A.B. asks: 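First, the structure itself, so that you have it in front of you.
Below, each value reflects all heavy atoms present in this structure, side chains not excepted, and no hydrogens, waters or symmetry copies. Proteins come first, then strands; the chains are lettered A, B, ... in the order of their sequence lines, and each starts at number 1.
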Amino acid sequence: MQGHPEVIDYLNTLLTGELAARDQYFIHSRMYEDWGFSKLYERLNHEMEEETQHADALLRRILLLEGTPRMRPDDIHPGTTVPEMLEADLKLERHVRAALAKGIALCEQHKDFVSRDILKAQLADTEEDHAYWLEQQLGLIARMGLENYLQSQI
Amino acid sequence: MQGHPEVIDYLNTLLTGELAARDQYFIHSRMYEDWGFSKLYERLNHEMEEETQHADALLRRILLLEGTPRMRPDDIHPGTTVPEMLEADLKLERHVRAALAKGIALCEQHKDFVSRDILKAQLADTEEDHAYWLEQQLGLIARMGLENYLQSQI
Amino acid sequence: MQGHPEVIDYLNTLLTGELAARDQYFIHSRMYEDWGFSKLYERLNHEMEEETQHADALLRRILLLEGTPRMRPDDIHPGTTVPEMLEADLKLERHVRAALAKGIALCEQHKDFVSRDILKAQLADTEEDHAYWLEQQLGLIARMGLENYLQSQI
Amino acid sequence: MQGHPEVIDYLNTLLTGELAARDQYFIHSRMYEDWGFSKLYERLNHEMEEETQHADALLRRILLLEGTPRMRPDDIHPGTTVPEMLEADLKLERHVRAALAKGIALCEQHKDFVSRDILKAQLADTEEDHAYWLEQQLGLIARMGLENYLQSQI
Amino acid sequence: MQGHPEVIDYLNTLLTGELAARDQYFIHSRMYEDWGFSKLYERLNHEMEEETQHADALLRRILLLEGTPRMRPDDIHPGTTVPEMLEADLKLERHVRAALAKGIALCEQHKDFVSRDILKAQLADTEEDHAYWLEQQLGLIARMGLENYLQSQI
Amino acid sequence: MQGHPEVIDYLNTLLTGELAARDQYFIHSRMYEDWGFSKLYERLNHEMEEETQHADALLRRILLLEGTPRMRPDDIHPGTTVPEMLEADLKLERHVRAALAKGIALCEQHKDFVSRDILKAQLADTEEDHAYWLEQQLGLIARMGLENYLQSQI
Amino acid sequence: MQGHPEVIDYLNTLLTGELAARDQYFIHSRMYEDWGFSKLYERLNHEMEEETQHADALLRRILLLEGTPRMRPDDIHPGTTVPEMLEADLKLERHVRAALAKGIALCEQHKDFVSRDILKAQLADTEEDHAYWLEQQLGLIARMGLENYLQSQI
Ligand SMILES: [Fe+3]
Ligand SMILES: [Fe+3]
Ligand SMILES: [Fe+3]
Ligand SMILES: [Fe+3]
Ligand SMILES: [Fe+3]
Ligand SMILES: [Fe+3]
Ligand SMILES: [Fe+3]
Ligand SMILES: [Fe+3]
Ligand SMILES: [Fe+3]
Ligand SMILES: [Fe+3]
Ligand SMILES: [Fe+3]
Ligand SMILES: [Fe+3]
Ligand SMILES: [Fe+3]
Ligand SMILES: [Fe+3]
Ligand SMILES: [Fe+3]
Ligand SMILES: [Fe+3]
Ligand SMILES: [Fe+3]
Ligand SMILES: [Fe+3]
Ligand SMILES: [Fe+3]
Ligand SMILES: [Fe+3]
Ligand SMILES: [Fe+3]
Ligand SMILES: [Fe+3]
Ligand SMILES: [Fe+3]
Ligand SMILES: [Fe+3]
Ligand SMILES: [Fe+3]
Ligand SMILES: [Fe+3]
Ligand SMILES: [Fe+3]
Ligand SMILES: [Fe+3]
Ligand SMILES: [Fe+3]
Ligand SMILES: [Fe+3]
Ligand SMILES: [Fe+3]
Ligand SMILES: [Fe+3]
Ligand SMILES: [Fe+3]
Ligand SMILES: [Fe+3]
Ligand SMILES: [Fe+3]
Ligand code: NA
């Protein structure tokens with residue numbers, strides 16, 4: 001079934017963004033492990049798998065709609081310290097959140113309700129799981145201090 | 001069996017107080033979880049269930065005594081930080097403690113010994129479980145500092 | 001992430017309504033049990049738990065959106081006989097249904113699609129589970145008579 | 001193997017009748033459930049599955065005999081109340097019974113003994129299971145009254 | 001709860017379409033089995049069950065909304081060869097897809113968000129399961145030839 | 001119990017025909033295995049066992065009726081290639097089908113209803129299992145070509 | 001421990017190549033599934049996981065050696081048909097093979113024997129698993145024809 005060219009293009013924009021999110025969590029999780037923070041490694045490794053699934057859902061939907069997926073990831077922007085890395089992932093998730101919301105609006109306008117639902121599932125993941133967890137870590141650092149927070153992530 | 005109107009009225013006062021305790025633990029537990037303190041969430045979520053059972057015991061006893069339960073909760077007074085929330089719950093439990101003790105005295109005076117025993121069970125919970133645990137947390141903050149205490153509640 | 005103030009306010013209106021639904025089922029279920037209708041007790045006790053979960057979902061979403069939840073329940077309006085209690089719960093659910101539908105429209109307008117989905121889940125529960133079951137009981141009373149219906153709920 | 005054109009045509013008449021029986025039980029069972037009579041729902045849902053199997057046996061036999069099955073169901077005639085629905089299903093089963101008996105006679109005449117046996121299996125189901133159960137329900141309503149009968153089907 | 005007459009009417013249009021889809025898969029699956037293609041039989045038998053569930057969801061929703069379901073299936077249009085049957089089912093699913101999308105738009109307009117969600121679930125099934133699988137089979141025939149494809153479906 | 005001499009004689013005719021069917025499947029199944037088509041071997045080996053049981057039922061019935069069974073099999077007519085062997089077994093089953101139908105008519109005429117039922121069971125096996133499967137194989141060869149069909153039977 | 005800058009740079013070149021291999025298998029596997037070749041989907045999905053592990057081993061080794069991993073994947077070059085996709089993956093694996101062999105030589109020269117061993121493990125995977133399997137598929141297409149080969153991958 002041929003999708004609407006505007007929806008396919010916009011799914012392709014989301015796809016290169018999810019491929020990038022996957023890669024930024026790839027490097028941050030391994031950096032965390034390199035420093036001995038295994039709890040941060042585990043969480044961001046898990047989030048890398050989750051972004052791979054988000055990318056996979058977009059890719060498959062684009063193929064079903066007879067589009068050609070764009071496989072070049074967006075640039076990533078890794079941090080160099082634990083607070084910079086948390087902030088960099090939160091900025092990325094906020095960008096994804098905004099992009100998914102605009103995508104849902106576009107899908108509704110072009111009456112592509114299944115693509116809309118696929119983006120809504122990812123939006124809920126972005127807001128209630130990925131971004132929220134990051135806001136919490138930054139909040140924890142603010143409440144107990146960075147040293148105590150890092151101790152808790154060994 | 002018709003209870004004494006003074007006992008029924010006083011059980012109704014305790015009931016609106018327990019409905020309020022339930023609700024104050026509802027909001028504090030979720031605030032704790034919002035900030036990433038899952039151990040505080042778990043404990044206050046558990047205490048919300050316990051106040052619901054205390055409310056339930058009062059409600060059922062009022063119905064057995066052919067009274068009409070008053071279902072409007074007392075106002076709650078949530079805190080805005082972990083130490084304010086602990087202090088606010090301790091103040092509420094101290095109020096409940098005093099109210100239950102006065103109720104036991106009233107039940108004894110009106111020779112309603114089963115209602116007295118129901119309040120005694122709740123009084124033991126209030127003093128030895130709910131209030132004591134709160135005093136302990138505040139004591140811990142005083143002994144290791146707030147930052148260390150918060151770290152321990154992640 | 002800061003939610004839209006209009007959405008947060010409206011979620012807060014829904015929250016005080018769910019806290020009230022929870023409490024009206026609290027008292028009706030116990031009244032049913034007081035009279036010996038254990039099947040009505042079981043169903044409304046189950047519905048009290050369900051409204052507590054609906055309230056919980058709203059409360060958590062409001063906190064995620066950086067709002068302050070309003071914990072005062074709306075007034076309840078319990079019945080005094082089995083048909084009045086069924087009618088009173090149906091009137092409450094119809095009110096909730098209308099309020100949730102208006103909320104979904106508001107969330108769509110402010111492009112808060114995750115809050116919309118949370119309300120849609122609750123709307124489906126309200127229409128297809130809570131309100132429908134009540135309409136059925138009233139329908140049963142109409143078809144076999146109140147005496148037979150009450151016999152069936154022992 | 002080419003069947004006798006008269007037998008194939010007559011199997012096709014039975015087939016559109018079974019497709020209709022399936023559909024009339026589809027709607028009646030769901031109407032019963034809509035009203036809260038789950039025991040009537042369960043029985044007629046089960047009978048819908050049974051008519052689907054009766055239809056399936058006829059359809060497959062028609063294909064084996066190199067005919068073309070007629071898939072348009074006969075008109076159905078649902079009732080609007082429990083006694084009308086029982087009467088409407090009994091009238092349909094009595095019609096099926098008569099049609100199957102005439103079919104068995106036709107198959108015997110054209111020496112199609114396997115098609116005869118397939119109709120005999122369905123005739124036994126129609127008389128001893130479907131129609132009999134309906135006659136029993138109507139008999140029960142007559143003996144204990146409609147209100148008591150409906151109570152028993154919740 | 002009385003639904004909007006325009007939504008009820010449109011659900012009734014979808015219902016007669018699902019009853020038809022169920023019946024077209026009924027006959028095609030049995031034709032496939034008659035020819036010895038058991039893998040096609042299994043898949044279309046499974047899809048017949050799925051359309052029966054789609055019909056059932058619509059029927060129940062119409063009853064909940066106090067409408068009267070229309071139980072006459074749309075005409076079906078079975079093929080006479082494996083490629084015609086695949087094409088005929090794909091044409092039917094494309095028609096259903098378009099009809100469901102228009103229905104979702106109508107439900108949104110009349111603020112019937114639960115009926116909208118029921119259609120969205122069916123739309124996802126239609127696009128991502130039923131229609132996609134058909135497009136794949138036709139694609140396979142194009143890539144390996146009809147003879148090889150038929151061999152693979154024994 | 002002495003059977004009718006005409007029925008006994010006719011059962012004896014069917015018996016020598018079943019002994020022959022058993023033997024023709026004996027040789028064809030082993031020829032299929034000799035060539036490496038193990039799926040054809042398995043099916044015709046299974047059908048040899050089934051004809052042995054059909055023969056056994058006739059033999060025992062003849063003895064019960066105090067007749068003397070005729071144990072000389074009819075001549076068989078094996079094919080020399082897979083399509084000739086399928087055609088030769090289909091011709092044999094069509095002959096058996098016709099002979100069983102005439103036998104059922106004869107049994108009905110002589111009011112030997114148990115012998116009739118024994119032949120009806122075998123007739124259903126002949127039409128719906130043995131002959132149908134053969135027609136299907138020949139149909140498959142016609143649809144995918146003989147080479148592909150043979151590949152599928154390895 | 002600081003690695004040799006020339007080795008770190010060369011590991012970084014291999015890393016962007018493995019990230020690309022991972023992505024080319026990502027898209028090809030999903031394209032294969034889109035067309036209904038589930039065996040090709042399964043194999044290339046498995047190879048995507050394997051390249052992710054190869055990338056992960058390089059990334060971690062670069063961090064251990066105190067380098068900064070380069071996370072931008074090389075360009076990929078997906079095919080548009082099954083033979084083009086197989087050829088495109090074989091060309092990529094041949095490039096990886098050559099790059100790994102040059103890397104092993106470089107590591108030996110700089111006496112980084114553990115990095116050498118990590119590349120040797122990946123080289124064995126590339127030659128004996130990934131590239132060999134691709135050569136086999138192309139060989140199969142050449143021996144039985146593309147149509148038969150595609151049939152075998154459903
Ligand atoms: Fe997760
Ligand atoms: Fe997660
Ligand atoms: Fe994502
Ligand atoms: Fe998640
Ligand atoms: Fe994310
Ligand atoms: Fe406890
Ligand atoms: Fe406790
Ligand atoms: Fe208490
Ligand atoms: Fe306790
Ligand atoms: Fe307490
Ligand atoms: Fe429930
Ligand atoms: Fe419920
Ligand atoms: Fe609710
Ligand atoms: Fe529910
Ligand atoms: Fe509710
Ligand atoms: Fe049955
Ligand atoms: Fe039955
Ligand atoms: Fe029937
Ligand atoms: Fe039956
Ligand atoms: Fe029937
Ligand atoms: Fe399925
Ligand atoms: Fe399916
Ligand atoms: Fe459907
Ligand atoms: Fe499906
Ligand atoms: Fe469908
Ligand atoms: Fe068998
Ligand atoms: Fe057999
Ligand atoms: Fe036989
Ligand atoms: Fe058999
Ligand atoms: Fe036979
Ligand atoms: Fe492997
Ligand atoms: Fe491998
Ligand atoms: Fe590799
Ligand atoms: Fe490998
Ligand atoms: Fe490789
Ligand atoms: Na082949």
Side-chain angles (χ1 to χ4, degrees), chain D residues 1-4 6-7 61 64-65 103-121 123, chain F residues 1-28 44 46-78 87-135:
Chain D
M1 176 192 57
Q2 286 182 198
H4 195 306
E6 286 182 40
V7 170
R61 179 61 177 171
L64 176 163
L65 294 179
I104 288 167
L106 182 66
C107 292
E108 181 77 6
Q109 175 196 331
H110 294 285
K111 303 187 165 224
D112 183 353
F113 300 116
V114 174
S115 302
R116 166 167 175 151
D117 202 50
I118 288 168
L119 308 187
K120 180 271 287 178
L123 182 61
Chain F
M1 176 192 57
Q2 286 182 198
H4 195 306
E6 286 182 40
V7 170
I8 290 162
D9 292 344
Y10 196 87
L11 296 178
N12 261 326
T13 292
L14 289 174
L15 170 58
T16 61
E18 299 300 307
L19 295 174
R22 165 200 60 171
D23 292 343
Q24 185 164 118
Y25 286 140
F26 200 173
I27 182 67
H28 283 165
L44 276 313
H46 168 79
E47 299 302 313
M48 183 182 65
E49 300 171 338
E50 241 197 285
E51 305 297 5
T52 303
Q53 298 167 351
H54 285 177
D56 194 15
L58 295 172
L59 193 166
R60 291 188 200 226
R61 179 61 177 171
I62 287 153
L63 288 173
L64 176 163
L65 294 179
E66 304 188 27
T68 300
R70 230 133 68 202
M71 294 304 294
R72 202 170 77 167
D74 296 355
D75 287 338
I76 57 168
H77 304 98
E87 296 278 13
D89 287 337
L90 184 45
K91 178 176 178 171
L92 188 37
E93 292 288 342
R94 280 163 175 176
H95 175 276
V96 170
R97 190 278 146 196
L100 287 167
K102 162 175 178 28
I104 288 167
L106 182 66
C107 292
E108 181 77 6
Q109 175 196 331
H110 294 285
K111 303 187 165 224
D112 183 353
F113 300 116
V114 174
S115 302
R116 166 167 175 151
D117 202 50
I118 288 168
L119 308 187
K120 180 271 287 178
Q122 292 188 196
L123 182 61
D125 295 344
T126 297
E127 295 185 2
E128 310 209 302
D129 285 347
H130 305 181
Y132 202 18
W133 181 83
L134 289 159
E135 290 180 345

A.B. asks: Run the side-chain hydrogen bond (donor to acceptor under 3.5 Å, both in side chains) test against F/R97 and tell me which residues pass, sequence neighbours left out.
C.D. replies: F/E127

A.B. asks: Could you tell me if the side chain of F/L134 sits less than 4.5 Å from the side chain of F/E93, heavy atoms only?
C.D. replies: yes

A.B. asks: Who pairs with D/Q109 by side-chain hydrogen bond (donor to acceptor under 3.5 Å, both in side chains), at least two apart in sequence or on another chain?
C.D. replies: none

A.B. asks: Sequence neighbours left out, what passes salt bridge (charged side-chain N to carboxylate O under 4.0 Å, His left out) with D/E108? Give chain and number order.
C.D. replies: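 Scan of D/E108 (salt bridge (charged side-chain N to carboxylate O under 4.0 Å, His left out), adjacent residues dropped) gives D/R116, F/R116.
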
A.B. asks: Going by salt bridge (charged side-chain N to carboxylate O under 4.0 Å, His left out), name the pairs with one or both residues in residues 61-74 of chain F, residues two or more places apart or in two chains.
C.D. replies: F/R61-F/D112

A.B. asks: Between F/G67 and F/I8, what is the shortest heavy-atom contact and its length?
C.D. replies: CA-CG2, 4.0 Å

A.B. asks: Can you list everything that forms a salt bridge (charged side-chain N to carboxylate O under 4.0 Å, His left out) with F/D56? Sequence neighbours excluded, please.
C.D. replies: F/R60

A.B. asks: Got a sec, which pairs hit ring pair (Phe, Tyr, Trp, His ring centres under 6.0 Å) with one end in residues 87-124 of chain F, sequence neighbours left out?
C.D. replies: F/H4-F/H110

A.B. asks: Can you sort out the partners of F/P78 under side-chain contact (heavy atoms from CB on, under 4.5 Å), two or more places apart, ordered by chain and number?
C.D. replies: F/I27, F/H28, F/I76

A.B. asks: How long is the gap from CG on F/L106 to CG on F/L100, to the nearest 0.5 Å?
C.D. replies: 12.5 Å

A.B. asks: When you look at CZ of F/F26, are more than 12 heavy atoms from neighbouring residues, nucleotides or ligands closer to it than 6.0 Å?
C.D. replies: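 No, the 6.0 Å shell around CZ holds no more than 12 heavy atoms from other groups.
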
A.B. asks: Can you tell me how far the CD atom of F/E47 sits from the CH2 atom of F/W133, to the nearest 0.5 Å?
C.D. replies: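 Those atoms lie 7.5 Å apart.
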
A.B. asks: Suppose the criterion is salt bridge (charged side-chain N to carboxylate O under 4.0 Å, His left out): which pairs have a residue in residues 13-25 of chain F, not counting sequence neighbours?
C.D. replies: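 For residues 13-25 of chain F: none.
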
A.B. asks: I'd like to check the side-chain contact (heavy atoms from CB on, under 4.5 Å) partners of F/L92; sequence neighbours left out, ordered by chain and number.
C.D. replies: F/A21, F/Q24, F/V96

A.B. asks: Establish, yes or no, whether a centroid distance under 6.0 Å links the rings of F/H54 and F/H130.
C.D. replies: yes

A.B. asks: Is any side-chain heavy atom of F/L19 closer than 4.5 Å to a side-chain heavy atom of F/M71?
C.D. replies: yes

A.B. asks: Once rounded to the nearest 0.5 Å, what's the spacing between atom CG of F/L11 and atom CG of F/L119?
C.D. replies: 6.0 Å

A.B. asks: The criterion is side-chain hydrogen bond (donor to acceptor under 3.5 Å, both in side chains); which residues satisfy it with F/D117, sequence neighbours excluded?
C.D. replies: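 For F/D117, no residue satisfies side-chain hydrogen bond (donor to acceptor under 3.5 Å, both in side chains) once neighbours in sequence are set aside.
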
A.B. asks: Heavy-atom distance under 4.5 Å between the side chains of F/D75 and F/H77, does that happen here?
C.D. replies: yes

A.B. asks: Taking C-beta and beyond as the side chain, do F/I62 and F/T68 meet within less than 4.5 Å on heavy atoms?
C.D. replies: no

A.B. asks: What pair of heavy atoms forms the shortest contact from F/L15 to F/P69, and how long is it?
C.D. replies: CD2-CB, 3.8 Å

A.B. asks: Return the minimal non-hydrogen interatomic distance between D/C107 and D/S115, and the atom names on each side.
C.D. replies: SG-CB, 3.7 Å

A.B. asks: Taking side-chain hydrogen bond (donor to acceptor under 3.5 Å, both in side chains) as the test, write out the residues that go with F/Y10, two or more places apart.
C.D. replies: none

A.B. asks: Once you round to the nearest 0.5 Å, how far does CG of F/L14 lie from CG of F/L59?
C.D. replies: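 With rounding to 0.5 Å, CG (F/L14) is 12.5 Å from CG (F/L59).
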
A.B. asks: If you compare all heavy atoms of F/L90 against all heavy atoms of F/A131, which two are closest, and at what distance to 0.1 Å?
C.D. replies: CD1-O, 3.9 Å

A.B. asks: Rounded to the nearest 0.5 Å, how far apart are CD of F/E50 and OG1 of F/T126?
C.D. replies: 8.5 Å

A.B. asks: If the condition is salt bridge (charged side-chain N to carboxylate O under 4.0 Å, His left out), which residues does F/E135 pass it with, not counting sequence neighbours?
C.D. replies: F/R94

